[PDB]
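All Cβ positions, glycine included, derive from the backbone under ideal geometry; neighbour counts span all protein chains shown. Throughout, read-outs are computed from the coordinates displayed, never taken from laboratory work.
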There are 2 protein chains.
Amino acid sequence: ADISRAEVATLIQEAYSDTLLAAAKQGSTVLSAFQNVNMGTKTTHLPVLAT
Amino acid sequence: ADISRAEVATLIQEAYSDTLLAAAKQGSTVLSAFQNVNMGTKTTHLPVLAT
């Protein structure tokens, strides 16, 4: 005796949005606070003044 | 059945970097705080009022 929103089936379509999806990425702190030194092998030796 | 990094001994070289080596040097304080009198001899005499 009446048409409910179930009996209309897929003529009513659900909808989509990006609005909450995007999230900012945060880099390393130490890779921007300090000098990045290139390496070509596992170990690099650095001499320093000692006395 | 497997090669480990201990078994590749000295086919892997160790590198060097001077990026920590360069210490800066600090001058005398008294040579910048006060007048530098040029001398051509061991002794200079300066008279002053005394009474």
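One table, with the values for the structure above:
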read-out: Where a residue in segment B:21-37 is under 22 Å from A:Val48 (Cβ atoms) and its partner, wherever it lies, is loosely packed, with under 10 Cβ neighbours inside 10 Å, with Cβ under 6 Å and at least six apart; value: B:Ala23/A:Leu49
read-out: Enumeration of residues in segment A:25-51 that are in contact with a strand residue (DSSP E or B) (Cβ under 8 Å, 6 or more places away or on another chain) and of a type in the set (A, V, I, L, M); value: A:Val37, A:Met39, A:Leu46
read-out: B:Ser17 being under 30 Å from A:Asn38 (Cβ atoms), of a type in the set (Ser, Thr, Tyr) and surrounded by 10 or more Cβ atoms within 10 Å (Cβ to Cβ); value: yes
read-out: Chain A, residues that are in a helix (DSSP H, G or I) and over 29 Å from the mean Cα position of the chain (by Cα); value: A:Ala9, A:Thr10, A:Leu11
read-out: Any hit, segment B:8-15, residues being away from chain A (no Cβ under 12 Å) and either closer than 16 Å to A:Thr41 by Cα or in contact (Cβ under 8 Å) with a residue 12 or more places away in the chain (or both); value: yes
